[PDB]
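Heads up, the thing below is written out as structure tokens.
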Amino acid sequence: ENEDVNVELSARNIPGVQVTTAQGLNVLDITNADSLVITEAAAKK
Amino acid sequence: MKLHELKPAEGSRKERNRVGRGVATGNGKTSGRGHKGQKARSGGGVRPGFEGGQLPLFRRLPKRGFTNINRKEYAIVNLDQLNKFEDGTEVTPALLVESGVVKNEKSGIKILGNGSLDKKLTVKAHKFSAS
Amino acid sequence: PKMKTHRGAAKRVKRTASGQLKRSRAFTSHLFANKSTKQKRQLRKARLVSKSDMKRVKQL
RNA sequence: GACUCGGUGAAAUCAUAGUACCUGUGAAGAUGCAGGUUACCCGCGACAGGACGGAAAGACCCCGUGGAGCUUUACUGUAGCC
RNA sequence: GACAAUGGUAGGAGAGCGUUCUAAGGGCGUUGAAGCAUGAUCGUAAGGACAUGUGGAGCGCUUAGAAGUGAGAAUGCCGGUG
RNA sequence: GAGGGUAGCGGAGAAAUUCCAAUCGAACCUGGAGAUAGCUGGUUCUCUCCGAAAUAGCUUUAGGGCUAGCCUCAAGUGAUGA
RNA sequence: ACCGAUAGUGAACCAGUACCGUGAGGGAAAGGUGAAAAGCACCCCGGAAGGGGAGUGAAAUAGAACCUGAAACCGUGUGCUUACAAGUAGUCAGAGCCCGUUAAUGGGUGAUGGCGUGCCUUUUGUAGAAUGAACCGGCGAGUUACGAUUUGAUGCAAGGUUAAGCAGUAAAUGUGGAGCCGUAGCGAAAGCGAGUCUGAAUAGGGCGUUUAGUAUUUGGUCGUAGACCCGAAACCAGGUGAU
RNA sequence: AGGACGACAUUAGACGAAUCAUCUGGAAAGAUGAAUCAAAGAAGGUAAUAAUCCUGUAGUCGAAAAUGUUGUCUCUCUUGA
Ligand SMILES: C=C[C@]1(C)C[C@@H](OC(=O)CS[C@@H]2CC[C@@H](N)C[C@H]2O)[C@]2(C)[C@H](C)CC[C@]3(CCC(=O)[C@H]32)[C@@H](C)[C@@H]1O
Ligand SMILES: [Mg+2]
Ligand SMILES: [Mg+2]
Ligand SMILES: [Mg+2]
Ligand SMILES: [Mg+2]
Ligand SMILES: [Mg+2]
Ligand SMILES: [Mg+2]
Ligand SMILES: [Mg+2]
Ligand SMILES: [Mg+2]
Ligand SMILES: [Mg+2]
Ligand SMILES: [Mg+2]
Ligand SMILES: [Mg+2]
Ligand SMILES: [Mg+2]
Ligand SMILES: [Mg+2]
Ligand SMILES: [Mg+2]
Ligand SMILES: [Mg+2]
Ligand SMILES: [Mg+2]
Ligand SMILES: [Mg+2]
Ligand SMILES: [Mg+2]
Ligand SMILES: [Mg+2]
Ligand SMILES: [Mg+2]
Ligand SMILES: [Mg+2]
Ligand SMILES: [Mg+2]
Ligand SMILES: [Mg+2]
Ligand SMILES: [Mg+2]
Ligand SMILES: [Mg+2]
Ligand SMILES: [Mg+2]
Ligand SMILES: [Mg+2]
Ligand SMILES: [Mg+2]
Ligand SMILES: [Mg+2]
Ligand SMILES: [Mg+2]
Ligand SMILES: [Mg+2]
Ligand SMILES: [Mg+2]
Ligand SMILES: [Mg+2]
Ligand SMILES: [Mg+2]
Ligand SMILES: [Mg+2]
Ligand SMILES: [Mg+2]
Ligand SMILES: [Mg+2]
Ligand SMILES: [Mg+2]
Ligand SMILES: [Mg+2]
Ligand SMILES: [Mg+2]
Ligand SMILES: [Mg+2]
Ligand SMILES: [Mg+2]
Ligand SMILES: [Mg+2]
Ligand SMILES: [Mg+2]
Ligand SMILES: [Mg+2]
Ligand SMILES: [Mg+2]
Ligand SMILES: [Mn+2]
Ligand SMILES: [Mn+2]
Ligand SMILES: [Mn+2]
Ligand SMILES: [Mn+2]
Ligand SMILES: [Mn+2]
Ligand SMILES: [Mn+2]
Ligand SMILES: [Mn+2]
Ligand SMILES: [Mn+2]
Ligand SMILES: [Mn+2]
Ligand SMILES: [Mn+2]
Ligand SMILES: [Mn+2]
Ligand SMILES: [Mn+2]
Ligand SMILES: [Mn+2]
Ligand SMILES: [Mn+2]
Ligand SMILES: [Mn+2]
Ligand SMILES: [Mn+2]
Ligand SMILES: [Mn+2]
Ligand SMILES: [Mn+2]
Ligand SMILES: [Mn+2]
Ligand SMILES: [Mn+2]
Ligand SMILES: [Mn+2]
Ligand SMILES: [Mn+2]
Ligand SMILES: [Mn+2]
Ligand SMILES: [Mn+2]
Ligand SMILES: [Mn+2]
Ligand SMILES: [Mn+2]
Ligand SMILES: [Mn+2]
Ligand SMILES: [Mn+2]
Ligand SMILES: [Mn+2]
Ligand SMILES: [Mn+2]
Ligand SMILES: [Mn+2]
Ligand SMILES: [Mn+2]
Ligand SMILES: [Mn+2]
Ligand SMILES: [Mn+2]
Ligand SMILES: [Mn+2]
Ligand SMILES: [Mn+2]
Ligand SMILES: [Mn+2]
Ligand SMILES: [Mn+2]
Ligand SMILES: [Mn+2]
Ligand SMILES: [Mn+2]
Ligand SMILES: [Mn+2]
Ligand SMILES: [Mn+2]
Ligand SMILES: [Mn+2]
Ligand SMILES: [Mn+2]
Ligand SMILES: [Mn+2]
Ligand SMILES: [Mn+2]
Ligand SMILES: [Mn+2]
Ligand SMILES: [Mn+2]
Ligand SMILES: [Mn+2]
Ligand SMILES: [Mn+2]
Ligand SMILES: [Mn+2]
Ligand SMILES: [Mn+2]
Ligand SMILES: [Mn+2]
Ligand SMILES: [Mn+2]
Ligand SMILES: [Mn+2]
Ligand SMILES: [Mn+2]
Ligand SMILES: [Mn+2]
Ligand SMILES: [Mn+2]
Ligand SMILES: [Mn+2]
Ligand SMILES: [Mn+2]
Ligand SMILES: [Mn+2]
Ligand SMILES: [Mn+2]
Ligand SMILES: [Mn+2]
Ligand SMILES: [Mn+2]
Ligand SMILES: [Mn+2]
């Protein structure tokens with residue numbers, strides 16, 4: 001929360017990684033798994 | 001896949017038939033003619049006027065039944081049995097080791113009811129078991 | 001609703017695909033036909049499995 | 001009453017109509033087809049041959065494993081009575 | 001490039017047109033949307049545009065999704081007018 | 001004439017199946033209820049390819065149905081077809 | 001990824017209301033000026049209604065019966081045509097006259113000639129004198145759920161797969177392996193098992209072994225449901241009626 | 001088996017960020033220019049289509065009273081193996 005309150009900025013959306021929809025992921029045009037997260041999605045195959 | 005360029009897998013999905021919408025379509029009687037192609041439409045369920053889904057009967061049933069593991073028990077390493085419910089077997093009313101294939105290992109066959117030929121092959125290797 | 005199974009098929013039993021079947025004229029009037037009598041043997045359907053298909057079919 | 005004028009102004013019917021006759025033809029009795037024969041265009045008053053005229057999904061007849069009312073030593077029951 | 005096939009009712013199979021809603025993208029609109037009207041326009045068909053008039057505020061297009069998705073006949077129901 | 005009583009598996013009938021709120025061999029209203037209808041009628045866009053049957057068998061069956069036969073789509077066999 | 005005024009509540013409007021019935025009961029139709037009432041001062045014809053000016057307004061060719069304003073239907077004007085002709089009304093051929101387009105081997109009309117008995121339904125066969133429709137408009141019929149089966153598609157594969165529940169925004173999503181199908185079949189069964197059943201048989205014969213399944217799902221079809229749509233005469237139950 | 005001391009919630013509400021110019025126009029929220037806010041780009045309105053014109057929205061604050069639910073003291077009733 002806070003990072004999430006980059007919310008009302010039109011095009012942006014911002015979930016967890018145990019989140020991660022099939023759609024939100026590719027309505028998307030660009031993504032930015034941060035680092036910890038990138039390592040977890042990497043961990044949860 | 002870019003959400004405005006979705007394309008469904010080739011050969012999956014095909015438009016449903018819509019009967020009764022026109023004549024060029026090939027379906028305006030819709031189907032049948034004159035008969036019991038009426039709405040209720042009951043054929044009967046499976047019948048003619050002479051009941052052949054019945055001639056006589058033969059039956060009974062008591063409690064029993066096992067679960068078959070063939071002498072393709074040659075998958076697992078060495079010693080032991082019944083444990084392989086964590087390797088390759090699922091539901092077991094009781095666990096019988098049958099013959100078939102040809103054994104290639106020396107291992108304890110701890111199981112309820114050993115098929116005879118299988119017993120000769122498992123014992124020809126080394127181990128045997130019961131109960 | 002799951003279709004109800006016909007119970008009058010306590011009269012066949014599944015083979016592998018095909019249904020094994022009861023026969024003919026066992027019991028009553030055995031005072032006739034003798035080679036006939038040795039017709040304790042099975043059946044199937046062929047033309048009829050078309051008719052009875054999905055009724056004895058939760059018999060898998 | 002009809003009829004002429006002034007006033008008011010419905011209806012059942014009706015696939016579109018520029019809707020003749022004879023001898024045929026044809027689902028076997030044709031304004032509508034064939035071959036002839038007759039006929040300038042548009043009204044008004046009249047008649048009832050035809051449009052298998054209109055009106056009512058034939059009441060007779062048969063059919064449906066339709067209905068209903070009634071009968072009886074048809075079947076199975078039952079209120080009551082001995 | 002030759003060479004074949006292509007009448008068709010019940011009915012099987014195939015490819016498509018148009019409607020409303022939705023998603024994503026991409027656009028049009030008071031310098032005039034939809035609708036309505038008219039045209040000598042385009043495609044093998046369903047059907048698609050264009051220009052003008054009316055109108056005065058909303059609407060297409062691509063790709064995919066989903067349907068209260070297509071009317072000339074039911075003595076069909078409602079309205080209008082013969 | 002006024003005020004009353006008898007109500008549908010019921011009532012009333014100088015008896016006709018007669019009357020019970022303008023059609024009573026069993027009233028009216030609401031529900032069960034979208035009763036059931038092997039009968040009749042209706043069933044809405046387009047083009048392309050193929051294309052029947054009105055027969056046998058059994059049927060409280062005979063304008064209904066079932067299995068065969070004929071149609072189509074798909075696999076498969078592979079010269080078995082004319 | 002519900003309706004948008006014939007829809008959606010019967011009822012978007014002072015609806016259980018007009019209206020109908022003795023009663024129980026049955027039951028409608030009917031939304032929209034404009035941004036703003038600025039809702040037409042004044043003159044004119046008329047008793048008024050209504051109208052033409054003059055005005056308000058972006059617009060009244062938005063004027064109240066008011067957005068848009070299709071069709072049937074009714075009218076005024078007319079370019080071509082028609083009073084010797086037998087007509088399912090068009091089609092094919094065609095002179096004359098009139099015109100000039102989304103400019104293309106153009107548009108309107110049509111003397112005369114050839115051919116020509118609407119549609120649907122239902123039928124062995126219907127121009128049929130068999131059925132249906134006065135016209136125009138709107139409205140009007142194979143659906144959904146759950147099970148089954150089959151085909152196509154996709155993921156895994158001797159394996160495939162979760163259910164309820166818990167978690168999360170009424171989520172695509174992690175958990176949950178109870179469960180289910182499959183890897184083995186044969187016999188009524190005891191049971192035996194790549195075999196088993198019948199059989200005295202180590203004969204013959206039946207089913208079976210020679211490994212491919214399973215979950216999700218588009219389409220086809222069946223079942224359970226009203227299960228394409230409209231229609232009985234009638235049955236039953238509870239009331240309301242002897243004005 | 002009935003009643004005394006406060007927390008929270010229900011029944012009114014309050015605060016609430018940031019836009020200007022020209023074109024066309026009957027009217028601009030549109031177009032084109034430069035701007036700005038955002039824990040607020042939900043929605044509805046304003047003479048056309050508005051995050052910054054208005055009602056609001058994220059967020060924050062709030063109860064004289066009357067129920068409402070609870071934390072804990074009082075209040076009762078209690079000899080268990
Ligand atoms: C339908 C009948 C009528 C009126 C007369 C009919 O007479 C009958 O049917 C006699 S039965 C009689 C009838 C009334 C019933 N309630 C009692 C019963 O006894 C008759 C004479 C034909 C025999 C049949 C054809 C006919 C066409 C022209 C013609 O000649 C007609 C039909 C089409 C006609 O409309
Ligand atoms: Mg039986
Ligand atoms: Mg007189
Ligand atoms: Mg009339
Ligand atoms: Mg005449
Ligand atoms: Mg005839
Ligand atoms: Mg004759
Ligand atoms: Mg009869
Ligand atoms: Mg008794
Ligand atoms: Mg369109
Ligand atoms: Mg345009
Ligand atoms: Mg203008
Ligand atoms: Mg014209
Ligand atoms: Mg047009
Ligand atoms: Mg204009
Ligand atoms: Mg226009
Ligand atoms: Mg406007
Ligand atoms: Mg466009
Ligand atoms: Mg689609
Ligand atoms: Mg009609
Ligand atoms: Mg009528
Ligand atoms: Mg009418
Ligand atoms: Mg009484
Ligand atoms: Mg009596
Ligand atoms: Mg019956
Ligand atoms: Mg019949
Ligand atoms: Mg082949
Ligand atoms: Mg009424
Ligand atoms: Mg009455
Ligand atoms: Mg009434
Ligand atoms: Mg008007
Ligand atoms: Mg004239
Ligand atoms: Mg010309
Ligand atoms: Mg002519
Ligand atoms: Mg001609
Ligand atoms: Mg003809
Ligand atoms: Mg009428
Ligand atoms: Mg579906
Ligand atoms: Mg598959
Ligand atoms: Mg697969
Ligand atoms: Mg399916
Ligand atoms: Mg129901
Ligand atoms: Mg009763
Ligand atoms: Mg009296
Ligand atoms: Mg100006
Ligand atoms: Mg937020
Ligand atoms: Mg707004
Ligand atoms: Mn199709
Ligand atoms: Mn067909
Ligand atoms: Mn029919
Ligand atoms: Mn049939
Ligand atoms: Mn049918
Ligand atoms: Mn029905
Ligand atoms: Mn049956
Ligand atoms: Mn078995
Ligand atoms: Mn014999
Ligand atoms: Mn008169
Ligand atoms: Mn004449
Ligand atoms: Mn003929
Ligand atoms: Mn003849
Ligand atoms: Mn004649
Ligand atoms: Mn006359
Ligand atoms: Mn007379
Ligand atoms: Mn009749
Ligand atoms: Mn063809
Ligand atoms: Mn040909
Ligand atoms: Mn088909
Ligand atoms: Mn629209
Ligand atoms: Mn429809
Ligand atoms: Mn009598
Ligand atoms: Mn009578
Ligand atoms: Mn009397
Ligand atoms: Mn009476
Ligand atoms: Mn009755
Ligand atoms: Mn019922
Ligand atoms: Mn009915
Ligand atoms: Mn052919
Ligand atoms: Mn015979
Ligand atoms: Mn019989
Ligand atoms: Mn028939
Ligand atoms: Mn040969
Ligand atoms: Mn309504
Ligand atoms: Mn409307
Ligand atoms: Mn009254
Ligand atoms: Mn208004
Ligand atoms: Mn003026
Ligand atoms: Mn003005
Ligand atoms: Mn009007
Ligand atoms: Mn408007
Ligand atoms: Mn108007
Ligand atoms: Mn002349
Ligand atoms: Mn003639
Ligand atoms: Mn010509
Ligand atoms: Mn001719
Ligand atoms: Mn039709
Ligand atoms: Mn006719
Ligand atoms: Mn006629
Ligand atoms: Mn008929
Ligand atoms: Mn008629
Ligand atoms: Mn109509
Ligand atoms: Mn939950
Ligand atoms: Mn043997
Ligand atoms: Mn054998
Ligand atoms: Mn064998
Ligand atoms: Mn289905
Ligand atoms: Mn079938
Ligand atoms: Mn069905
Ligand atoms: Mn404020
Ligand atoms: Mn503000
Ligand atoms: Mn401005
Ligand atoms: Mn607005
Ligand atoms: Mn708030």
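Each chain in the structure tokens gets a letter, A, B, ..., in the order shown, and its residues are numbered from 1; ligands are numbered from 1 in order too.
For ligand 111, the protein and nucleic acid residues at most 10 Å away, judged by only C-alpha atoms (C1' of nucleotides) and all ligand atoms, amount to residues 57 of chain E; 29, 45, 46, 47, 48 and 49 of chain H.
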Task: Residues within 12 Å of ligand 68, counting only C-alpha atoms (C1' of nucleotides) and all ligand atoms, as a ChimeraX atom specification - done: /E:19-21,33-35,58-60
TODO: Identify every residue of chain B that has at least one atom within 9 Å of any atom of chain E, counting only C-alpha atoms (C1' of nucleotides), and report the result as an MDAnalysis selection string.
DONE: chainID B and resid 2:8 21:22 26 31:33
With N, CA and C atoms kept, could you save the residues just selected as a PDB file, in the first residue's frame?
```
ATOM      1  N   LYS B   2      -2.539 -10.121 -28.347  1.00  0.00           N
ATOM      2  CA  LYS B   2      -2.418  -8.740 -27.992  1.00  0.00           C
ATOM      3  C   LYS B   2      -3.803  -8.222 -27.653  1.00  0.00           C
ATOM      4  N   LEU B   3      -4.739  -9.134 -27.364  1.00  0.00           N
ATOM      5  CA  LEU B   3      -6.081  -8.761 -26.824  1.00  0.00           C
ATOM      6  C   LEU B   3      -7.051  -8.051 -27.812  1.00  0.00           C
ATOM      7  N   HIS B   4      -6.484  -7.373 -28.814  1.00  0.00           N
ATOM      8  CA  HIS B   4      -7.238  -6.880 -29.962  1.00  0.00           C
ATOM      9  C   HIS B   4      -6.917  -7.717 -31.182  1.00  0.00           C
ATOM     10  N   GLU B   5      -6.036  -8.684 -30.994  1.00  0.00           N
ATOM     11  CA  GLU B   5      -5.706  -9.615 -32.044  1.00  0.00           C
ATOM     12  C   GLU B   5      -5.734 -11.018 -31.482  1.00  0.00           C
ATOM     13  N   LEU B   6      -6.779 -11.334 -30.729  1.00  0.00           N
ATOM     14  CA  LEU B   6      -6.956 -12.692 -30.243  1.00  0.00           C
ATOM     15  C   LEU B   6      -7.264 -13.609 -31.417  1.00  0.00           C
ATOM     16  N   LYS B   7      -6.673 -14.802 -31.407  1.00  0.00           N
ATOM     17  CA  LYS B   7      -6.981 -15.827 -32.407  1.00  0.00           C
ATOM     18  C   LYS B   7      -7.046 -17.225 -31.792  1.00  0.00           C
ATOM     19  N   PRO B   8      -8.278 -17.768 -31.688  1.00  0.00           N
ATOM     20  CA  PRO B   8      -8.634 -19.064 -31.103  1.00  0.00           C
ATOM     21  C   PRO B   8      -8.054 -20.211 -31.909  1.00  0.00           C
ATOM     22  N   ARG B  21     -34.475 -20.587 -38.996  1.00  0.00           N
ATOM     23  CA  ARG B  21     -34.262 -19.197 -39.379  1.00  0.00           C
ATOM     24  C   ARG B  21     -34.142 -18.978 -40.878  1.00  0.00           C
ATOM     25  N   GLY B  22     -35.169 -19.303 -41.634  1.00  0.00           N
ATOM     26  CA  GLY B  22     -35.009 -19.165 -43.060  1.00  0.00           C
ATOM     27  C   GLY B  22     -35.143 -20.496 -43.756  1.00  0.00           C
ATOM     28  N   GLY B  26     -31.445 -24.216 -45.062  1.00  0.00           N
ATOM     29  CA  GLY B  26     -31.632 -25.641 -45.222  1.00  0.00           C
ATOM     30  C   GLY B  26     -32.445 -26.245 -44.104  1.00  0.00           C
ATOM     31  N   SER B  31     -36.890 -29.778 -38.658  1.00  0.00           N
ATOM     32  CA  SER B  31     -36.645 -31.172 -39.090  1.00  0.00           C
ATOM     33  C   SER B  31     -37.799 -32.192 -38.774  1.00  0.00           C
ATOM     34  N   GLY B  32     -37.831 -33.275 -39.565  1.00  0.00           N
ATOM     35  CA  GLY B  32     -38.969 -34.164 -39.601  1.00  0.00           C
ATOM     36  C   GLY B  32     -39.984 -33.594 -40.589  1.00  0.00           C
ATOM     37  N   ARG B  33     -41.144 -34.252 -40.666  1.00  0.00           N
ATOM     38  CA  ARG B  33     -42.342 -33.796 -41.407  1.00  0.00           C
ATOM     39  C   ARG B  33     -43.637 -34.621 -41.091  1.00  0.00           C
TER      40      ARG B  33
END
```
Open item on the list: as a VMD selection string, could you give me every residue of chain F near chain B (at most 9 Å apart, counting only C-alpha atoms (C1' of nucleotides))?
Closed with: chain F and resid 38 43 to 47 58 to 59 61 64 to 67
Task: Shell of 10 Å around range 14-22 of chain C, only C-alpha atoms (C1' of nucleotides), local chain residues under 6 positions omitted, as a VMD selection string - done: (chain B and resid 54 to 58) or (chain C and resid 40 to 46 49 53 56 to 57 59 to 60) or (chain G and resid 185 to 186 207 to 208)
TODO: Step by step, measure atom-to-atom distances between ligand 24 and each residue using only C-alpha atoms (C1' of nucleotides) and all ligand atoms, keep those at most 12 Å, then write them as a PyMOL selection string.
DONE: chain F and resi 6+10-13
- [ ] Assign secondary structure with DSSP using the backbone only, and return the residues of chain C in helix (DSSP H, G or I) as a ChimeraX atom specification.
- [x] /C:49-52
Save out the residues we just selected, N, CA and C atoms, as a PDB file, in the first residue's frame.
```
ATOM      1  N   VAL C  49     -27.870 -52.258 -30.152  1.00  0.00           N
ATOM      2  CA  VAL C  49     -27.159 -51.419 -29.212  1.00  0.00           C
ATOM      3  C   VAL C  49     -27.424 -50.000 -29.690  1.00  0.00           C
ATOM      4  N   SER C  50     -27.776 -49.868 -30.965  1.00  0.00           N
ATOM      5  CA  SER C  50     -28.232 -48.591 -31.469  1.00  0.00           C
ATOM      6  C   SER C  50     -29.443 -48.086 -30.689  1.00  0.00           C
ATOM      7  N   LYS C  51     -30.303 -48.989 -30.234  1.00  0.00           N
ATOM      8  CA  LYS C  51     -31.543 -48.576 -29.572  1.00  0.00           C
ATOM      9  C   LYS C  51     -31.297 -48.412 -28.081  1.00  0.00           C
ATOM     10  N   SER C  52     -30.476 -49.278 -27.511  1.00  0.00           N
ATOM     11  CA  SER C  52     -30.319 -49.279 -26.067  1.00  0.00           C
ATOM     12  C   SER C  52     -29.060 -48.594 -25.535  1.00  0.00           C
TER      13      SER C  52
END
```
Can you write out as a tab-separated table which residues of chain F fall within 10 Å of ligand 53, alongside each residue's closest atom pair and its distance in Å to one decimal, counting only C-alpha atoms (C1' of nucleotides) and all ligand atoms and ordering rows by chain and ascending residue number?
```
residue	atom	partner	partner_atom_place_in_ligand_line	distance
F:34	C1'	ligand 53	1 (Mn)	7.8
F:36	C1'	ligand 53	1 (Mn)	8.5
F:37	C1'	ligand 53	1 (Mn)	8.0
```
Would you export the selected residues with N, CA, C and O atoms (P, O5', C5', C4', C3', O3' and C1' of nucleotides) as a PDB file, in the first residue's frame, please?
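In the end it all went to selection.pdb:
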```pdb
ATOM      1  P     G F  34     -49.334 -21.895 -15.848  1.00  0.00           P
ATOM      2  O5'   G F  34     -49.010 -22.466 -17.282  1.00  0.00           O
ATOM      3  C5'   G F  34     -50.084 -22.793 -18.128  1.00  0.00           C
ATOM      4  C4'   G F  34     -49.652 -23.773 -19.170  1.00  0.00           C
ATOM      5  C3'   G F  34     -49.248 -25.160 -18.664  1.00  0.00           C
ATOM      6  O3'   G F  34     -49.644 -26.167 -19.626  1.00  0.00           O
ATOM      7  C1'   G F  34     -47.449 -24.176 -19.834  1.00  0.00           C
ATOM      8  P     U F  36     -48.781 -31.040 -19.741  1.00  0.00           P
ATOM      9  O5'   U F  36     -49.393 -32.040 -20.819  1.00  0.00           O
ATOM     10  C5'   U F  36     -49.352 -33.442 -20.606  1.00  0.00           C
ATOM     11  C4'   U F  36     -50.403 -34.163 -21.410  1.00  0.00           C
ATOM     12  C3'   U F  36     -50.331 -34.022 -22.926  1.00  0.00           C
ATOM     13  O3'   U F  36     -49.353 -34.881 -23.513  1.00  0.00           O
ATOM     14  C1'   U F  36     -52.579 -33.787 -22.189  1.00  0.00           C
ATOM     15  P     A F  37     -48.452 -34.385 -24.761  1.00  0.00           P
ATOM     16  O5'   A F  37     -49.546 -34.189 -25.923  1.00  0.00           O
ATOM     17  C5'   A F  37     -50.199 -35.286 -26.576  1.00  0.00           C
ATOM     18  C4'   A F  37     -51.278 -34.839 -27.555  1.00  0.00           C
ATOM     19  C3'   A F  37     -50.856 -33.931 -28.687  1.00  0.00           C
ATOM     20  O3'   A F  37     -50.273 -34.665 -29.721  1.00  0.00           O
ATOM     21  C1'   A F  37     -52.981 -33.280 -27.824  1.00  0.00           C
TER      22        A F  37
END
```
- [ ] Kindly provide, as a ChimeraX atom specification, all nucleotide and amino acid residues lying within 8 Å of ligand 36, counting only C-alpha atoms (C1' of nucleotides) and all ligand atoms.
- [x] /D:33 /G:116-117,127
- [ ] Could you please extract the residues within 12 Å of ligand 101, counting only C-alpha atoms (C1' of nucleotides) and all ligand atoms, and hand them back as a ChimeraX atom specification?
- [x] /G:164-170,175
Okay, now the selection with C-alpha atoms (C1' of nucleotides), as a PDB file, in the first residue's frame?
```pdb
ATOM      1  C1'   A G 164     -17.079 -29.184  -1.021  1.00  0.00           C
ATOM      2  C1'   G G 165     -14.329 -26.029   2.123  1.00  0.00           C
ATOM      3  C1'   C G 166     -10.472 -22.359   3.397  1.00  0.00           C
ATOM      4  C1'   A G 167      -8.024 -17.683   1.005  1.00  0.00           C
ATOM      5  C1'   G G 168      -9.003 -13.594  -2.644  1.00  0.00           C
ATOM      6  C1'   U G 169     -12.491  -7.686  -4.657  1.00  0.00           C
ATOM      7  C1'   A G 170     -19.391 -11.675  -6.215  1.00  0.00           C
ATOM      8  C1'   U G 175      -4.976 -24.250  -1.573  1.00  0.00           C
TER       9        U G 175
END
```
Open item on the list: Set the cut-off to 7 Å and count only C-alpha atoms (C1' of nucleotides): what are the residues of chain G that reach chain B? Output as an NGL selection string.
Closed with: :G and (142 or 152-153 or 188-189 or 194 or 218-219 or 228)
